[PDB]
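Colleague: Per PDB author numbering, the sequence shown starts with residue 11, numbered consecutively. Note that the Cβ used here is the ideal one computed from N, Cα and C, for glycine as well.
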Amino acid sequence: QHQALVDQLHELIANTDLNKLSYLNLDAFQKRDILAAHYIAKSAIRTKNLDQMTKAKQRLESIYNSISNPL
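Encoded structure:
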């Protein structure tokens with residue numbers, strides 16, 4: 011379970027690289043939300059904090075889905 015979650019997070023972090031999302035014209039608040047979630051995700055992974063890894067996964071999945079789909 012731990013490794014599965016780390017893999018899911020790493021995939022989501024890769025899929026929310028800001029430079030690769032230029033074409034979506036994200037607002038500054040959205041970019042900040044992504045940067046913050048990346049930092050939380052990385053920090054949660056390094057410390058094996060499963061609750062925070064879970065939080066970050068749901069957050070990044072939510073962001074990726076929303077910015078990729080109609081308002």
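Looking only at its own chain, which residues have a Cβ that is under 7 Å from the Cβ of residue 42, when we skip the five neighbours before and after it?
Modeller: Once the five neighbours on either side are set aside, residue 42 has no close Cβ partner at all.
Colleague: Mapping DSSP to helix, strand and coil, what is residue 64?
Modeller: DSSP places residue 64 in helix when its eight states are reduced to three.
Colleague: If you follow the alpha helix (DSSP H) that residue 13 is in, where does it begin and where does it stop?
Modeller: Residue 13 -> alpha helix (DSSP H) spans 12-25.
Colleague: Tell me the residue span of the alpha helix (DSSP H) that contains residue 43.
Modeller: From DSSP, the alpha helix (DSSP H) with residue 43 extends over 38-56.
Colleague: Return the CA-CA distance between residue 59 and residue 68, expressed in angstroms with no decimal places.
Modeller: Going from the Cα of residue 59 to the Cα of residue 68 covers about 14 Å.
Colleague: Reducing DSSP to helix, strand and coil, say where residue 79 ends up.
Modeller: If DSSP states are grouped into helix, strand and coil, residue 79 belongs with coil.
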